[PDB]
């Protein structure tokens, strides 16, 4: 099992930050933690690296699990964050943007991420 760390980032308009990967799936930004990094610290870094968005962690969510196309099981730990700014795609990505919850529900590729979105919304401060 390979650990991952990422963020469910919202802006002041309560829109969520989504990214479209190389396989064309809309998901949340996440990546591998470096040795010595807390998962929260790694999530903030991955968000910045993959979307060019500076975010601040509000509170922890919960981990999701799945097996990627290469047969590797992943356990990604998520954090609710707040951020602003236009996104920037890093090499590999096929899309990125801010989305209303309604739009996200219609774009997110996986069930694990839909539930994550709803819980994040329940805990997002007004």
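Positions refer to the first chain, counted from 1.
As listed in the deposited structure, the average C-alpha B-factor of 69 to 77 and of 37 to 45 is greater for 69 to 77.
Highest C-alpha temperature factor among 95, 85, 63, 29 per the entry: 85.
Among the modelled residues of its chain, residue 126 has a C-alpha B-factor that falls in the middle third according to the deposited record. Among the modelled residues of its chain, residue 16 has a C-alpha B-factor that falls in the lowest third, as given in the PDB entry. Among the modelled residues of its chain, residue 107 has a C-alpha B-factor that falls in the lowest third according to the deposited record.
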